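Enquirer: pasting the structure only:
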DNA sequence: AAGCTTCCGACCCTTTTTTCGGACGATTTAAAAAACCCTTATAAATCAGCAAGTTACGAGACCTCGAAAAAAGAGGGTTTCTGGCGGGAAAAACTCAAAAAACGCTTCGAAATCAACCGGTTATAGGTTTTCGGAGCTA
């Protein structure tokens, strides 16, 4: 996978900023994004998809391997909407399903 | 013959060196004064241990003044440590702008989903061991 260690490496390589502080830079950006959504502060991005929080309603659930049914409680969960610029970048590649 | 300049003699005054005289000290010599010796039988001192009464010399204490040593106070200076202010460069906010990029309209039909539980994936927090950089060092 792509890893924030690999971001720290890329940031050293391409910008030249030392990896020690680069790792803290990425992890702080990755922490403040969490702080925003944790506060229910919708995070809104352009040139990139963005971060919404959806209040899901009561839904039927199951044990898929037994067929037992369990209710799914209403909940607020984060939902990220890819943008058309990102979709256009991602639409086609390689030759196998993902 | 006259004027200028330079020696020379006469003198005036004070300081520096030498000589002489006088005074004082020290030593020597002589003269004067105090003292020593020789005659004494009789009177007074010698002394033995201890008691009873007294004190001349020593010790303790304090004062007094003066001086000496130490401590403090003063002044001269140099070295350095810090603070304030001023100046140039970089950063980042501030101002100005375009071009994307998102959002909405607006989706009926296609995913997304959660739930519990198994096995499996793997990013990486954390720790462990080690090159690179710099310490300067030395002429």
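Expert: In hand now; what should we look at? Numbers count the residues shown, from 1 in each chain, chains lettered A, B, ... in the order given.
Enquirer: separation between residue A:87 and DNA strand B?
Expert: Residue A:87 sits 8 Å away from DNA strand B, going by CB to the nearest atom of the strand, to the nearest Å. Placement of C-beta: from N, CA and C, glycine included.
Enquirer: so which strand or helix has residue A:87?
Expert: helix A:84-90 (DSSP states H and E).
Enquirer: Pull the residues that contact that helix.
Expert: Residues outside helix A:84-90 that contact it (CB atoms under 8 Å, 6 or more residues apart in numbering): A:46-49, A:82.
Enquirer: List only buried entries from those.
Expert: Among those, those scoring as buried are residue A:49 (criterion: 16 or more other CB atoms under 10 Å).
Enquirer: all helices of chain A, in order?
Expert: A:4-15, A:19-38, A:84-90 (DSSP state H).
Enquirer: Make CSV out of those helices and add distance to residue A:56.
Expert: Listed next are those as CSV, based on distance: least, CB to CB, whole Å:
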stretch, distance to residue A:56
helix A:4-15, 29
helix A:19-38, 15
helix A:84-90, 24
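Enquirer: looking at these, which is closest to residue A:59?
Expert: Closest approach to residue A:59 among these is made by helix A:19-38 (21.7 Å; CB to CB).
Enquirer: Spell out which parts of chain A neighbour DNA strand B.
Expert: A:1, A:3-6, A:23, A:44-50, A:56, A:59, A:61-65, A:70, A:72, A:75, A:77, A:81, A:83-86 (CB under 7 Å from any atom of the strand).
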